[PDB]
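Below is one structure, written out as structure tokens; the observations come after it.
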Amino acid sequence: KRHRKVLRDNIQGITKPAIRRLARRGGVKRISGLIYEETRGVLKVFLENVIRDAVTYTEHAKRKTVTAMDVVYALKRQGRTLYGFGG
DNA sequence: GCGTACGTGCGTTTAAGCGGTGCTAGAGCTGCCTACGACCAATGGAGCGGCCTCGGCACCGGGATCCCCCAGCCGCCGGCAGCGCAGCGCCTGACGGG
């Protein structure tokens, strides 16, 4: 097809074990059940901040596709530089 | 010390994941044309310097809160000690039995 898109409930795509594994890499031993909801918001809260300016780069370039070279650029402005994709 | 809820484990189950199409959109590049920003020479007046004088603020002194504190004070009530007592089991009568 050529219309519509998946635009619902995708915040639940981050399934409960996925965070549970992620936190294990952080070394936390025991986690209460309440914390799952906050990080999803927190993860989202951080996220569009990265996209919003990333989107801004593309429109100034008058593209339609989002390149990785733009993604790192905004990540530089926010502060967290990334090695391994460009430069 | 209490207790719940989150780790551990088991048993579905399902959507990720793989591998496979098929498409065209959009990025990349080229050709070519234009305009617009740098450059140059002049010009004057906006901005910056130098004085320089009042009053907004500083300072004071005084009077005005106003929270902060707390013993006063009582109410309350429960503990507590004393008192009156309710109920029971035994004590002990009433009266026939032993």
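Please treat every number below as a calculation from the coordinates, not as lab data. Cβ: placed from backbone, ideal geometry, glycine included. Neighbour counts: every protein chain shown.
With an 8 Å cut-off on Cα pairs and a minimum separation of 6 or more residues, tell me the relative contact order of chain A in percent. Don't skip to the answer; put the middle values down first.
Working: 31 pairs, mean separation 15.7, N = 87.
Contact order relative to length: 18 percent.
Where nothing but the Cβ of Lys and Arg (+1) and of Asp and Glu (-1) is charged, how large is the charge dipole of chain A around its Cα centre, in debye to the nearest 20?
Dipole about the Cα centre, nearest 20: 400 debye.
Fewest to most neighbouring Cβ within 10 Å: what's the order for A:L22, A:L75, A:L7?
A:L7, A:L22, A:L75
With the Cα gyration tensor of the stretch A:1-50 giving a ≥ b ≥ c as the square roots of its eigenvalues, does the rule (a/c under 1.5 for rounded; else a/b larger than b/c for prolate; else oblate) give rounded, prolate or oblate?
Judged from the Cα gyration tensor, the stretch A:1-50 comes out prolate (a/c at least 1.5, a/b above b/c).
Ignoring everything except DSSP H segments at least 4 long, calculate the 222 nm mean residue ellipticity for chain A; use -39,500 (n - 2.57) per segment, divide by total residues, nearest 500.
Counting only the DSSP helices, I get -18500 deg cm²/dmol.
Most mobile of A:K29, A:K64, A:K44 per a Gaussian network model of chain A (Cα springs, under 10 Å)?
Comparing A:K29, A:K64, A:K44 in the GNM, the peak value goes to A:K29.
Please list, in order along the stretch A:50-61, the HN-Hα scalar couplings obtained from phi with the Karplus expression 6.51 cos²θ - 1.76 cosθ + 1.60 (θ = phi - 60°), rounded to whole Hz, x for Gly and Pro.
Each residue of the stretch A:50-61 in turn: 6, 6, 3, 5, 4, 4, 4, 4, 5, 5, 4, 6 Hz.
Which of rounded, prolate, oblate describes chain A, given a ≥ b ≥ c as roots of the alpha-carbon gyration tensor eigenvalues and a/c under 1.5 marking rounded, otherwise prolate only if a/b is larger than b/c?
The shape class here is oblate.
Please name whichever of A:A18, A:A74, A:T56 sits farthest to the positive end of the charge dipole of chain A, dipole taken about the Cα centre and charges placed at Cβ: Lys and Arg +1, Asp and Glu -1.
Positive-most Cα among the choices belongs to A:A18.
Rank these for me by crowding, A:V50, A:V45, A:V6, going from fewest to most other beta carbons within 10 Å.
Listing A:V50, A:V45, A:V6 from fewest to most nearby Cβ atoms yields A:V6, A:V45, A:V50.
If each residue of separation counts as 0.36 nm, what is the full-extension length gain between A:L7 and A:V66 once their alpha-carbon separation is subtracted?
Full-extension gain reported as 19.4 nm.
With θ set to phi - 60° and the Karplus curve 6.51 cos²θ - 1.76 cosθ + 1.60, what are the ³J(HN,Hα) couplings of the stretch A:65-71 in order, to the nearest whole Hz, using x for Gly and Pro?
8, 9, 8, 5, 4, 6, 4
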